[PDB]
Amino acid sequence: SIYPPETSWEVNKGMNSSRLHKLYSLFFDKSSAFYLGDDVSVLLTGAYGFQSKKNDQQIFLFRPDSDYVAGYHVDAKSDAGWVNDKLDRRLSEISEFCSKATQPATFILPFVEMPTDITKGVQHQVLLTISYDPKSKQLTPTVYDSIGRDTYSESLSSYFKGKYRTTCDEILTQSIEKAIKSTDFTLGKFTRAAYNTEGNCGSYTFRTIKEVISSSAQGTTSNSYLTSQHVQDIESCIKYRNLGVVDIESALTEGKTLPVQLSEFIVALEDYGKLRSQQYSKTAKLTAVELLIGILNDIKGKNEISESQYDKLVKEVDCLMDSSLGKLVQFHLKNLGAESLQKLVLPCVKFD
């Protein structure tokens, strides 16, 4: 129920559902390349609801989930594959919703796509979106894929497209139809949108989620719209803060940003500490970290740092600004409104 600060995460380990959830925190950080002043909160299980400013459109964004997964068979001789019953549930729950809905909606599932034949557990973060139009009773699915490929040189010949499946599209489209077995709705043409080394897929997905929402509010890129600011945001979030799930829930339902508490800085430091002990000498950075954690706890206590503790901190300034540790300290200091550690700690100090 707590997404801890994964220092040293750096956007290539790849995403996982927890991280992605944690990234959802950015949707209402005004100072964020992912900010959404296009949606309001609305007053459907497993999804957060969003009203459109500037529109009639309704937007449901599902909480990411370790079970939102489809497994396809690369061999075409094989059964096309499977979907978790949970994803199938959500699909059905979506159609059940839409049958009663009067205002048009767009549904957003981050899910994972993977080959089951191959022993290699190649799990691919990928995005499903189902829009529903009640006047048409139309339900159009799209899958947004971040490994665009399609290279002329490494294109699958049609015949071999017969021999080999590159994606779950078969099984997925099957699952959607099953949800609609009533033949109560028209399913629009299932398209797959592709674009855009491999480990980047998930962060792309998250960006797309933003886009899909913004577009939805408004309607309707040569390269690198995954802006570095975007990446700085994602990295700093996954890497440096300590979020509870309750916090994120509350954030997305009350439409509030989630300011960085001091405890977040403290935890971040401690985790940095553990990880660093595993790998300026090591004992040096560990002494710095220790000392600093102590000071911040004493602040937390509301106690005044001793002048002595401060002078202690002053050489550790050099040791705590260095590189990685430095960037952690820098993130949090940005988010506490302090120019330096010396600045932050200078008040509430008891002088001899």
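Don't overthink the numbering: it's just position in the shown sequence, from 1.
Novice: Would you say residue 78 goes unmodelled in a third or more of the other compared entries?
Specialist: Residue 78: modelled in all of the comparison entries.
Novice: Thinking of the other compared PDB entries, is residue 198 one of those residues unmodelled in at least a third of them?
Specialist: That residue is missing from at least a third of the other compared entries.
Novice: Does the entry skip any residues of the deposited sequence between residue 43 and residue 44, and if so, is it 1 to 3, 4 to 9, or 10 or more, or none at all?
Specialist: Gap between residue 43 and residue 44: 4 to 9 unmodelled residues.
Novice: Please classify the coordinate gap between residue 183 and residue 184 in terms of deposited residues: none, 1 to 3, 4 to 9, or 10 or more.
Specialist: Unresolved stretch here: none.
Novice: Please compare 147-155 with 165-173 and say which has the higher mean C-alpha temperature factor in the record.
Specialist: Result: 147-155.
Novice: Which has the higher mean CA temperature factor in the PDB entry, 64-72 or 33-41?
Specialist: The deposited B-factors put 33-41 ahead on the C-alpha mean.
Novice: For the C-alpha B-factor as written in the entry, point me to the maximum among 325, 305, 26, 292.
Specialist: The record points to 305.
Novice: Compare the CA B factors listed in the entry for 250, 277, 116, 95 and report the winner.
Specialist: Comparing C-alpha B-factors across 250, 277, 116, 95, the top value belongs to 250.
Novice: Against its chain's modelled residues, does residue 190's Cα B factor rank lowest, middle or highest third?
Specialist: Within its chain, residue 190 is a middle-third residue by C-alpha B-factor, going by the deposited values.
Novice: For the chain shown, is the CA B-factor of residue 330 in the lowest, middle or highest third of its modelled residues?
Specialist: Its C-alpha B-factor, which the entry lists for residue 330, ranks in the middle third among residues of this chain.
Novice: Check where residue 288 lands among this chain's C-alpha B-factors and tell me if it's the lowest, middle or highest third.
Specialist: As the PDB entry reports it, the C-alpha B-factor of residue 288 lands in the middle third of its chain.
Novice: Could you say whether, by C-alpha temperature factor, residue 206 belongs to the lowest, middle or highest third of its chain?
Specialist: According to the entry, residue 206 has a C-alpha B-factor in the chain's lowest third.
Novice: Lowest, middle or highest third of the chain for the C-alpha temperature factor of residue 81?
Specialist: It belongs to the lowest third of the chain when residues are ordered by C-alpha B-factor.
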